[PDB]
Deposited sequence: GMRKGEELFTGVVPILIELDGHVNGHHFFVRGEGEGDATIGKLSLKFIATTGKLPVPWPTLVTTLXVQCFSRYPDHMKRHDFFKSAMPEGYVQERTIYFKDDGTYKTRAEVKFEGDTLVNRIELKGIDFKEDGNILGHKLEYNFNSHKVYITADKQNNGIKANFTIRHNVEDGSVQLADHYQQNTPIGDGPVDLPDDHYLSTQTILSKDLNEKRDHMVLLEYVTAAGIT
């Protein structure tokens, strides 16, 4: 339909096919999104066993169409306007003093479900660094995701730096560079500069034996 697709609660499917250094892994997440209040509630399983990288490094890669855009900002919501046909979301992520992730995702409706299917490639990580050495805390900070229009590509770009808490009290920074392109050829909303304000909780399911991550997230657009 349109932004009409997000007036209620929407089921979500997320699938990540990952290769970091020499390691293969697969993640599938399921749950629900409520864009009217900007809320995600999701559970992710590593189907391939224990992950070679920390769960928090995957959070940004694992549906910004569920951001809450306040009424006065609805003209600037690229993500919903591309639906149902969806958009391609690509990122290049530089972990400071540490390797890089390259991601490509398609985010679109498949029936009544919003699906995010991702390919992730990671290279040049240090064996004893914060990522391959699993030295990141199981939690997640608040960020501002700065969004700009990319009118030459009929889409948007985003810039932000993720701050991962490290177990010794230091911070591991991850510079994100993001490009989104609509899949369909219908017109989309090309926004004035603004940002998304994020908050996230990472937790566990006591009955789940598999390596997993429960996620609760709230995101609201601001800056206009």
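Participant: Please report every deposited-sequence interval that has no C-alpha in the structure, sorted by position.
Facilitator: No C-alpha for residues 1-3, 66, 229.
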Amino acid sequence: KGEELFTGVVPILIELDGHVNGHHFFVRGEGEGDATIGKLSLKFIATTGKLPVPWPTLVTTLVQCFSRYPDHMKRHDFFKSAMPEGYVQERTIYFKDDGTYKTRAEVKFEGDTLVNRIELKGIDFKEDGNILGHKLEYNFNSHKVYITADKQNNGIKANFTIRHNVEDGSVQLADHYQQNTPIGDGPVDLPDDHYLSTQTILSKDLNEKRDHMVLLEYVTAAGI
From here on, numbers count along this sequence of modelled residues.
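Participant: Highest mean C-alpha temperature factor of the two stretches 179-187 and 164-172, which is it?
Facilitator: Per the deposited B-factors, the answer is 179-187.
Participant: On average, are the C-alpha B-factors higher in 138-146 or in 72-80?
Facilitator: Taking the mean C-alpha B-factor of 138-146 and of 72-80, the larger value falls to 72-80.
Participant: Which of these has the highest Cα B-factor in the record: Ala46, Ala35, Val63, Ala158?
Facilitator: So the option with the highest C-alpha B-factor is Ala46.
Participant: Relative to the other modelled residues of the same chain, rank the CA B-factor of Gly86 and answer lowest, middle or highest third.
Facilitator: It falls in the middle third of the chain.
Participant: Is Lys126 in the lowest, middle or highest third of its chain when residues are ranked by C-alpha B-factor?
Facilitator: Tercile = highest for this residue's CA B-factor.
Participant: What third of the chain does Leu216 rank in for C-alpha temperature factor, lowest, middle or highest?
Facilitator: Lowest third, going by the recorded CA B-factors of the chain.
Participant: Tell me, lowest, middle or highest third: where does the Cα B factor of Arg117 rank within its chain?
Facilitator: Its C-alpha B-factor, which the entry lists for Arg117, ranks in the middle third among residues of this chain.
Participant: Would you mind checking where the Cα B-factor of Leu16 ranks among the modelled residues of its chain, as the lowest, middle or highest third?
Facilitator: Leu16: CA B-factor falls in the highest third of its chain.
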